[PDB]
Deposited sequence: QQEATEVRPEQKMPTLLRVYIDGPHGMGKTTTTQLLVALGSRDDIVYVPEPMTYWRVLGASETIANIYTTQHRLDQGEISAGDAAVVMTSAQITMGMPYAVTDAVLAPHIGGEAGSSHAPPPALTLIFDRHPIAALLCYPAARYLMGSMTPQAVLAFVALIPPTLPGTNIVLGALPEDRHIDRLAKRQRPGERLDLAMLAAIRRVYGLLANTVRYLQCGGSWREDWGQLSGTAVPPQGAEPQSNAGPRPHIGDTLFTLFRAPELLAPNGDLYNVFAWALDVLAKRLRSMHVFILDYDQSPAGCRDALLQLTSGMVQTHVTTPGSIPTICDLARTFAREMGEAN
C-alpha cells in the first residue's frame, strides 16, 4: 500500500509562495516529488484573454465610478470561474485515486500544488465582495460548488507582516496587475478568517449555534468567515438567513472541517522558507491510493498540467 502526500501552498498573492516552492522542488529529489504550478497560461490565453488584467482593470473602473457595482460583479464572477476552472477539473480527476488517510513512512510520491481550489472558489471571490465588486449571493454560489474535501488535504497558508508584504508585492508586478493595497488588505483578512474557521470548526464549533453572537487559539464566530455573511441581502425579514444561504454556510463548514492547515512564516530568507516548508512537510497527513496504477497516473496528470498550463518552472 503506497502512500501519496499532497501539499497545497496558498495564501495572499505576492508573498513568496512561487519562489519558496520552486526552491523546494529545486532540490532535485527525484520523481518522488512533483510541483504543480499556477495555470497562468489558462488564465491568460486558453480560458479567456488576459483574465488577471480583466480583474484589475474592472476593479479600477469601478473605483473611478466608470461602471456600476452591478457590472463589476458580473465581470468579476465570470473572471473567477475562469481562474478556478483548472483547479476544479484537476481535483475532480484526482478524486478517484485518493484513499483514506494513513497517519502522517515515506510517501511514494509528493505533490506540491501552487494554490488549492478554494483560492478561486472562495478566497478571492470573498475578498472582491469586500471590495464591492462581487455580491454575497455570488460568493455563496461559489461556496455551494466547492468540491468535497478529499482526504489528505494539507493546506499551507502563509504569515508575513503587512509592511514586508507590500514591499514584496511592489517588486513582483504580474502582467496586467495593478498595485492595489486595498485588495491586498482584503485578501490578507480573508485568508486569516479562513485559518480561524478551520480551527473554530475543529474545536467543535457550530456556526448555527453561535450565529446570534454576531447580531449584538480559541477563535469565536466573529473571527471566522461566517461574519462576512451577515449581509442585509442574505437576511430574511425575521433577521435570520434565508435557508438557501444557511445551507450554503453548512456546506462551507463541511468543506473546511476536514482540512489540515499549516502556517508557514515567510518573514525570512527564501532558503529559510524552503527549509521550513520542507520541515513542515514531515508532519503532514498522507493517504493511500485506490489502485496500484494510481501513483503513475497521478504523476502523469501533474506533469501534463504543469507542462501545458505552467507559464514556467
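Missing from the model, relative to the deposited sequence, are the stretches 1-12, 117-119, 232-246.
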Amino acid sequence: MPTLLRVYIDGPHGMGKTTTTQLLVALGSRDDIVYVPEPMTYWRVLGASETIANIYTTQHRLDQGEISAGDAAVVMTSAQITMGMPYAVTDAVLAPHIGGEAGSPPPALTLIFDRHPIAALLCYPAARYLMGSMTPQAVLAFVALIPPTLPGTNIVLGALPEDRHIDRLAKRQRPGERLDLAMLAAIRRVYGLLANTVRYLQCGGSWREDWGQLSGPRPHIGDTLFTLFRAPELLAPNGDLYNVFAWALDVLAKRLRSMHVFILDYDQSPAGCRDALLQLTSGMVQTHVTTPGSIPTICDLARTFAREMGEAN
From here on, numbers count along this sequence of modelled residues.
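Just so we're on the same page, rigid core means the largest C-alpha set that superposes within 1.5 Å between forms.
For the pair 218-226 and 154-162, greater average C-alpha departure from the shown form in 4 other deposited structures of this protein after core alignment is found in 218-226. Between 207-215 and 192-200, the larger mean CA deviation from the shown form in 4 other deposited structures of this protein, after core superposition, belongs to 207-215. Missing-residue comparison: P105 falls in the unmodelled set for a third or more of the other PDB entries checked. When the two stretches 283-291 and 42-50 are set side by side, the higher mean Cα temperature factor goes to 283-291. Higher mean CA temperature factor between 161-169 and 93-101: 161-169, per the PDB entry.
The PDB entry gives the largest Cα B-factor of the residues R174, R230, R199, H116 to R174.
Looking only at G65, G70, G28, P37, the residue with the top Cα B factor in the deposited structure is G28.
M131: CA B factor lies in the middle third for its chain, per the PDB record. In the PDB entry, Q59 places in the lowest third of its chain by CA B-factor. Compared with the other modelled residues of the chain, the Cα B-factor recorded for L234 ranks in the middle third.
In this PDB entry, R188 carries a Cα temperature factor that places it within the middle third of its chain's modelled residues. In this PDB entry, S215 carries a Cα temperature factor that places it within the highest third of its chain's modelled residues.
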